[PDB]
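**Student:** Here is my input; please provide its structure:
(chains A and B, ligands or ions: 6)
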Number of protein chains: 2
Amino acid sequence: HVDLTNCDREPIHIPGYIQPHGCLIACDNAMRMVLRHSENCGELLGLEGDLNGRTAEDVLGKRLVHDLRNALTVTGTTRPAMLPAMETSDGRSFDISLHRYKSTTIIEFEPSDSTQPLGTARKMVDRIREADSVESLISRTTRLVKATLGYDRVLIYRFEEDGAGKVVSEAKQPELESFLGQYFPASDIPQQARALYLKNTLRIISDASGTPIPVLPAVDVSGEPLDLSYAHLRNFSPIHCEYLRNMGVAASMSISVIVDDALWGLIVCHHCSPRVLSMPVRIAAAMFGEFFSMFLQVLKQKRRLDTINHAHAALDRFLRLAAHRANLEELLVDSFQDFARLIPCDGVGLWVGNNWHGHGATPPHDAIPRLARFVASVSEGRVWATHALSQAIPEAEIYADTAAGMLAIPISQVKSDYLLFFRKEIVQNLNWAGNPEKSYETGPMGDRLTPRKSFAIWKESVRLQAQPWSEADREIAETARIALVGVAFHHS
Amino acid sequence: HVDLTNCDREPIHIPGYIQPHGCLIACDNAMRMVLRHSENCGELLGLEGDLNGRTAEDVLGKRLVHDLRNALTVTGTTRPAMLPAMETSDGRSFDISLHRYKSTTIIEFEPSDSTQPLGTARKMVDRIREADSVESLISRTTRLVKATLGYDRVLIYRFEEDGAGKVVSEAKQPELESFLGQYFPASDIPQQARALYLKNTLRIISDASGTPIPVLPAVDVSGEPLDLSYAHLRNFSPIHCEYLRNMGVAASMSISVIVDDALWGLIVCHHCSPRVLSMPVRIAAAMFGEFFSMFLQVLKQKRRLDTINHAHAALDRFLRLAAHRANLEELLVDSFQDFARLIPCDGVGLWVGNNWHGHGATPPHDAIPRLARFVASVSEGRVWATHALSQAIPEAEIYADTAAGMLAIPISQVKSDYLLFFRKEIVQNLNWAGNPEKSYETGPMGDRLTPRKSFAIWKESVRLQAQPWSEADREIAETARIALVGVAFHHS
Ligand SMILES: *C/C=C1/C(=C/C2=NC(=C\c3[nH]c(/C=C4/NC(=O)C(C=C)=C4C)c(C)c3CCC(=O)O)/C(CCC(=O)O)=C2C)NC(=O)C1C
Ligand SMILES: *C/C=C1/C(=C/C2=NC(=C\c3[nH]c(/C=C4/NC(=O)C(C=C)=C4C)c(C)c3CCC(=O)O)/C(CCC(=O)O)=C2C)NC(=O)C1C
Ligand SMILES: [Cl-]
Ligand SMILES: [Cl-]
Ligand SMILES: [Cl-]
Ligand SMILES: [Cl-]
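**Tutor:** Numbering: from 1, shown residues only, chains lettered A, B, ... in the order given. Ligands and ions are numbered 1, 2, ... in the order given. Find the structure here:
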């Protein structure tokens, strides 16, 4: 059905099963007729037999059906309508999620559990609005979510440029192992999963060791499956199921962090026992996720601003000194190390008049002329940067542990003079806070579905590679070029 | 051959003619054989008969050919090699431009006129490096270029988002008419022209009323024309020829302003008499163009930074006031006009609890509910902006003279409350410094090829449209949303 070969392309949006903590009824575009339903619809709503081919008013009752249909008008959108505490025909009270996607009305029922959403959320959002840095926001959010929603572990996953995830914050029970500073490969969250996570803010798993409920029909006469993209009861991949089971995790709740309309990362809650949050608590958690997302976005913007301002101030100081020095070359020889304040780097060097001066982690004196010649050939009077030097210069491999990434800044419009910034390979700068000799119980699919193997797979994928140069890094580097080229032109 | 219907697609890169101020010889990839040559090659180099099918060493002489070939190695690139003051076989001295494109070596000859390039350029670049604003750089550059290169008119053309050009700076002889603040449509510089302008920094027209020199063969046996994309002697469209002649302009020199690898605009020099600049003066002008480009880029970056910082400071002041006010709605009613400092706008309004408050140029009280309802339908809790309101709401047309553009900011996560920013249609804000009753002598193609008709055509194209909202505008608007939504959530 699915394994480690075709799970990168697994159609998770159309599993044909839901989770047992609720029941689902699929109706036509207009919600006149019941096209599909979950096997457990009878056991929960107290109805007998097959509901398929019956009318809406027949199953739910004219009273309820009218309220649902009017909530679709107020909706429009694919964003699901939340209707807490609604009465059926036979009195029973349910929390109802209602959405419409691919002209099919999907209705999800939960036994109602009536918390005030606005109250819980407002308390949480107040405690994060004060945060003055990305670091202060992310560190306090895991601590706050764990305290409020009472999960055993709360992680924040940040997606790197390569799609890999880094655990950037953690609140856990003291007995559980830490994943803080641990990376996981892009493959561990395939593209189709990232799509749904971008479409649904919130994502719940009541019981990883739960019995999934089939949807009937599993496929319709057209050969069309039920697309559960926006359904909160949508069942989960048996691959991820096995991953959570191998970890000692029985329940999960993830929140999507959207920043500049991109999946930035996930707030992920793990529980060691089964756990469902009521619709009200979910509404609050979702509201919190939106505000967390918005606040992180502004802090990201503020951080970028400060970095570029700091770089502009640093370069002004330099240009001021260059006006009061006769010989610019000896100023650059005295000053080049100070340029390490502009761009995060493990080392910086000056290649001027076929002479080399290094500071921090740089290639050995031997390798610099070869590097300088290479830079001169491909630079073309512009900033040149790679995070994978060995892919460009295969003999660079020998010193990757010291310098695996390089950003080159030409400092002369004419002569082949360069300011070089270096970064150690990413595995050298690992501040892993986890357990080396902590092993995991495996399942049918093998030891691939453990954090130990995931981390080991990622570490292999980034061998001989440094932290990629951010757009901020390349923007500053370009501003630094213009400044140095500009003042170098003045001194002739 | 070409007219006002097929000149938007005119193949200007392959005209099959050069300008009479130099001679051109096209050779094979290796520069072993003369494949094509200009008709005037004989009259300038003092050679007799057809040069096509002869060898390189035969025509130019083994001595010269060796020097040219070694300059291609040092080159590589499509960027043309400049070789001032070179001796032919018969003593004659020439300035030689040498490039290779589509595996065809093109050699351009000018009678040498030996200025020091580095000296002229360094003097010019020094006078612009001090500029502390975009406005100070652009205003002094026309004045400086005119003073140094002695053209009759120097304009700077800035390209708008729609491809239209605005004259943002001018230095002219006092008798000539001013084009300052005048716009021209995108069509006046077709896409294929903008491509070449992005490939060649400098572009010269010695004589608009000059006799073009044919290249022989005009087309080769393959059916391939000579691609003169990087040739400085490349002849110009007869459409533009007629434009310059209608204007009283006999010679032109344009410099490409590249900012963030995009054609930002042109430094354009017009002369009323024929005028060619020697290779040295061109080299200097080109160097100046690169530094002008780089300096404008950093100033653009600095301006963006300051604007976003100023917006962040303004919003901090507001959030501070909102903490010390009980009722946020009345604070917004007292304060909304102050938000006009964040985003350039001719008017701003507050739509709160189905009540309207306006300040500056806004739609009439009548039209606001219709607008509010429209914004509520399409906004979807996000910043919504248009520069062409009538295209979205056709009855808006009536008040376009007051408000033709609108940027909407939702200030509530729940209620349909909005902060609206308005801009008058662009023709209302015209500070044209030109002559209304100044008419132009027309040619075969008609009065279309006059600044009077170009301006009139542009004014038609931007009717009922305001100045588009810049990315800076929308970035601030998004930061303002998060702030207002954030503090509105706190007050419940
Ligand atoms: C070949 C397919 C695989 C695969 C598919 C899926 N992963 C999904 C969700 C998911 N994966 C992770 C990854 C982790 N890696 C770790 O090392 C680690 C913890 C130490 C985790 C948690 C995460 C974080 C998530 C989502 C959040 C979470 O629950 O933690 C999904 C979609 C699940 C869904 O609910 O729809 C698919 C499909 N995972 C693999 O490992 C492989 C090989
Ligand atoms: C249908 C084609 C047309 C056309 C084609 C070309 N224009 C070209 C250059 C060029 N046009 C302008 C436009 C101006 N519009 C003004 O109102 C105005 C002055 C008041 C000007 C100068 C400019 C500025 C330029 C280039 C710089 C310059 O010399 O001023 C070209 C390419 C020319 C070349 O050298 O390759 C083409 C082709 N122009 C039209 O007007 C039309 C209809
Ligand atoms: Cl589809
Ligand atoms: Cl600076
Ligand atoms: Cl081609
Ligand atoms: Cl702010």
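**Student:** which residues does the residue nearest to residue A:41 when sequence neighbours are not counted contact?
**Tutor:** For residue A:41, the nearest residue in space outside its immediate sequence neighbours is residue A:23; the separation is 4.6 Å by CB to CB, 6 or more residues apart in numbering or on different chains. No exception for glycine: its C-beta is placed from N, CA and C like everyone else's. Under the criterion of CB atoms under 8 Å, 6 or more residues apart in numbering or on different chains, the neighbours of residue A:23 are A:37-38, A:40-41, A:43-45, A:108-109, A:213, A:233.
**Student:** Now residue A:23: phi and psi?
**Tutor:** Summarising the backbone geometry of residue A:23 under the convention degrees, to the nearest 10, its torsions are phi -120, psi 150.
**Student:** for the one 4 residues further on, same thing?
**Tutor:** Torsion angles at residue A:27 (phi, psi; degrees, to the nearest 10) stand at phi -120, psi 170.
**Student:** Verify the stated contact: it with residue A:37.
**Tutor:** No - between residue A:27 and residue A:37 there is no contact, the gap being 9.4 Å when judged by CB atoms under 8 Å.
**Student:** The longest helix along chain A and chain B, any residue contact?
**Tutor:** Scanning chain A for the longest helix, with DSSP state H as the assignment, gives helix A:279-323. Yes - among the residues of helix A:279-323, A:287, A:290-291, A:294-295, A:297-298, A:301-302, A:305, A:308-309, A:312 lie within reach of chain B under CB under 8 Å from any CB of the partner chain.
**Student:** same thing with stretch A:483-492?
**Tutor:** Yes - using CB under 8 Å from any CB, stretch A:483-492 reaches chain B at A:483, A:485-486, A:489-490, A:492.
**Student:** Which members of the residues you listed are classed as buried?
**Tutor:** In these, burial by neighbour count holds for A:483, A:485-486, A:489, counting by 16 or more other CB atoms under 10 Å in any protein chain shown.
**Student:** any idea which of those is closest to residue A:92?
**Tutor:** Proximity of these to residue A:92, judged by CB to CB, is greatest for residue A:483, which lies at 71.9 Å.
**Student:** Wait, a helix at the closest one?
**Tutor:** Yes - counting by DSSP: H, G, I helix; E, B strand; the rest coil, residue A:483 is found in a helix.
**Student:** Residue A:320 is in contact with that one, correct?
**Tutor:** No - under the criterion of CB under 8 Å, residue A:483 is not in contact with residue A:320, lying 11.3 Å apart.
**Student:** hey, where'd the helices end up in the stretch 51-200 of chain A?
**Tutor:** With DSSP state H, counting those that start in this stretch, the ranges of helices along the stretch 51-200 of chain A come out as A:56, A:62-75, A:117-129, A:134-149, A:191-199.
**Student:** tell me which parts of the stretch 1-150 of chain A are close to ligand 6?
**Tutor:** Within reach of ligand 6 by CB under 5 Å from the ion, the stretch 1-150 of chain A has no residues at all.
**Student:** Please work out which residue of chain A is closest to ligand 6.
**Tutor:** When CB to the ion is the measure, chain A has its nearest residue to ligand 6 at residue A:298, with 5.7 Å between them.
**Student:** Dump the helices of the stretch 51-200 of chain A into JSON lines; add distance to residue A:433 and mean neighbour count as well.
**Tutor:** Listed next are those as JSON lines, based on distance: least, CB to CB, whole Å; neighbours: other CB atoms under 10 Å in any protein chain shown:
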{"stretch": "helix A:56", "distance to residue A:433": "54", "mean neighbour count": "23"}
{"stretch": "helix A:62-75", "distance to residue A:433": "44", "mean neighbour count": "14"}
{"stretch": "helix A:117-129", "distance to residue A:433": "23", "mean neighbour count": "17"}
{"stretch": "helix A:134-149", "distance to residue A:433": "13", "mean neighbour count": "18"}
{"stretch": "helix A:191-199", "distance to residue A:433": "25", "mean neighbour count": "15"}
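**Student:** for these, which one sits closest to ligand 1?
**Tutor:** Taking CB to the nearest ligand atom, helix A:191-199 is the member of those nearest to ligand 1, at 4.0 Å.
**Student:** Residue B:457 is nearest to which of the helices of the stretch 51-200 of chain A?
**Tutor:** The stretch from these with the least distance to residue B:457 (CB to CB) is helix A:191-199; that distance is 43.9 Å.
**Student:** got the CA positions of the closest one in PDB?
**Tutor:** Once non-C-alpha atoms are left out, helix A:191-199 reads as follows in PDB (Å, rounded to 0.1, in the frame of the first residue of the first chain):
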ATOM      1  CA  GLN A 191       6.000  18.400  -0.200                       C
ATOM      2  CA  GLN A 192       2.300  17.300  -0.100                       C
ATOM      3  CA  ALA A 193       2.400  17.400   3.800                       C
ATOM      4  CA  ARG A 194       3.900  21.000   3.700                       C
ATOM      5  CA  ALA A 195       1.100  21.900   1.200                       C
ATOM      6  CA  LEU A 196      -1.700  20.800   3.700                       C
ATOM      7  CA  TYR A 197       0.200  22.400   6.700                       C
ATOM      8  CA  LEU A 198       0.100  25.700   4.600                       C
ATOM      9  CA  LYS A 199      -3.700  25.200   4.000                       C
END
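**Student:** how about that helix, does it reach ligand 1?
**Tutor:** Yes - looking at helix A:191-199 against ligand 1 by CB under 6 Å from any ligand atom, the contacts come from residue A:193.
**Student:** need the next SSE after that helix, C-terminal direction.
**Tutor:** Reading on from helix A:191-199 to the C-terminus, the next helix or strand found by DSSP states H and E is strand A:202-205.
**Student:** what distance separates that next one from the middle of the whole chain?
**Tutor:** Chain-centre distance of strand A:202-205: 15 Å, with CA atoms, centre = their mean, to the nearest Å.
**Student:** Sheet partners, orientation included, of it?
**Tutor:** The partner list of strand A:202-205 in its sheet, established with DSSP bridges, is strand A:251-259 (antiparallel).
**Student:** Contacts for whichever helix or strand comes after the strand it pairs with, please.
**Tutor:** Heading C-terminal from strand A:251-259, the first helix or strand you meet, by DSSP H and E, is strand A:262-271. By CB under 8 Å, 6+ apart, the list of residues contacting strand A:262-271 from outside reads A:141-142, A:145-146, A:149, A:151-159, A:165, A:168, A:194, A:197-198, A:244, A:247, A:249-258, A:289, A:292-293, A:296.
**Student:** how distant is strand A:262-271 from the center of its chain?
**Tutor:** Mean-position distance between strand A:262-271 and its chain equals 6 Å (CA atoms, centre = their mean).
**Student:** repeat for stretch A:417-433
**Tutor:** Put simply, stretch A:417-433 sits 23 Å off its chain's centre (CA atoms, centre = their mean).
**Student:** For ligand 2, which of the helices of the stretch 51-200 of chain A is the nearest?
**Tutor:** helix A:191-199 (44.4 Å).
**Student:** now check the closest one, is it near chain B?
**Tutor:** No - taking CB under 8 Å from any CB as the criterion, helix A:191-199 and chain B are apart, separated by no less than 14.4 Å.
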